[PDB]
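Quick heads-up: it's one chain on its own, the form deposited without the partner chain, in structure tokens.
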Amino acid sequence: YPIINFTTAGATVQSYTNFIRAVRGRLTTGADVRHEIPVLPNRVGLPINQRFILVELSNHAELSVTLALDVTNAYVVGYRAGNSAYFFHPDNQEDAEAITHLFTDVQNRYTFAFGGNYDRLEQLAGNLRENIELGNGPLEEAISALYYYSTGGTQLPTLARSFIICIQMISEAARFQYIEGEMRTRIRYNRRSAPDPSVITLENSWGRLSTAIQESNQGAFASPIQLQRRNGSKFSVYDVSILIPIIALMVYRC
């Protein structure tokens, strides 16, 4: 599978931007463009050898872990650290076959009983996305946390918090230009902060926006979708034009 390497050690705005761009490049190899936005392929007839992308993450402590991303939805499905691989619960039997092709050289394979959706991971982390800080610091710590999970040195809450970090800084940044821009500024000013409600509302709406965009009549939605501005005010979206600057990838609906 395609591998993208990124290190938090000395990360800059440019190196993070190059990283997200390469992830987007690998995710959209099989995408087609609807209303100027690439649509990720759906799983039907998508060859197994093209189902996943690998993201290798290092930090200053010279620890590395490898995430596996699903090209149908950009989401993290599992990861490898050393001789151990951990996968989220697959949502059907076809996906369970799919993940047997990841990390086939590890001696120890484990599938969590739970999925990797935000509501679950926040239950396990003991905190909501609103109170989990993001940035180069949080990501570096998440890498260490993932690395030592096989070792027995990471507790479940810390592990779920690290997943929440990785998914937002990689999967959601790949999906949304706005969220990539937010991570760039954290790096630019060397600061960590939790995402705001507008980021969270946008993450929650990714599937619904994809539906409204792909079912639209040359841009115009059949019905409006409410989004949240960063200042907290809420606004209706009636057309794809407003979303083109914000959203980089869509999930298949057709």
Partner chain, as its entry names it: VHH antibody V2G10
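Numbering follows the first chain given and starts at 1. Throughout, rigid core stands for the largest set of C-alpha atoms superposing within 1.5 Å between the two forms.
Exercise for review: Tell me which of 179-187 and 91-99 has the higher mean C-alpha B-factor in the deposited entry.
Suggested key: Higher mean C-alpha B-factor in the PDB entry: 91-99.
Exercise for review: Name the higher of the two by mean Cα B-factor in the PDB entry, 216-224 versus 47-55.
Suggested key: For C-alpha atoms only, the mean B-factor is higher in 216-224.
Check your understanding: Which has the highest CA B-factor per the PDB entry: 130, 172, 140, 122?
Key -> Comparing C-alpha B-factors across 130, 172, 140, 122, the top value belongs to 130.
Review point. In terms of the chain's CA B-factor thirds, is residue 135 lowest, middle or highest?
Key: Middle third.
**Study point:** For residue 23, the third of its chain into which the C-alpha B factor falls
**Key:** For residue 23, whose C-alpha B-factor we compare with every modelled residue in the chain, the answer is the lowest third.
Point to revise | Chain third (lowest, middle, highest) by recorded CA B-factor, residue given as residue 67 | key: Its C-alpha B-factor, which the entry lists for residue 67, ranks in the lowest third among residues of this chain.
Practice item. Determine, from the deposited record, the chain-internal third of the Cα B-factor for residue 237: lowest, middle or highest. Key: Ranked within chain, residue 237 CA B lands in the highest tercile.
Check your understanding: Based on the entry's values, in what third of the chain does the Cα temperature factor of residue 165 lie: lowest, middle or highest?
Key -> Its C-alpha B-factor belongs to the lowest third of this chain's values.
Another form, the form deposited with the partner chain bound, is not on view; read the next lines as being about it.
Review point. Taking heavy atoms and a 4.5 Å cut-off, does residue 212 contact the partner chain in the bound PDB entry?
Key: Because a heavy atom of residue 212 falls inside 4.5 Å of the partner chain in the bound PDB entry, the answer is yes.
Review point. Does the partner chain get within 4.5 angstroms of any non-hydrogen atom of residue 204 in the bound PDB entry?
Key: Residue 204: yes, in contact with the partner chain in the bound PDB entry.
**Study point:** Contact flag, residue 228 vs the partner chain in the bound PDB entry, heavy atom cut 4.5 Å
**Key:** So residue 228 counts as contacting the partner chain.
Review point. Does residue 10 count as moved between the shown form and the other one, where moved means a C-alpha shift of 2 angstroms or more after fitting the rigid core?
Key: Comparing the forms between the shown form and the other one, which are aligned on their rigid core, residue 10 does not shift its C-alpha by 2 Å or more.
Point to revise | residue 245 C-alpha relocation of at least 2 Å between the shown form and the other one, rigid core basis | key: Where the cores coincide, residue 245 shows only a C-alpha shift between the shown form and the other one that is less than 2 Å.
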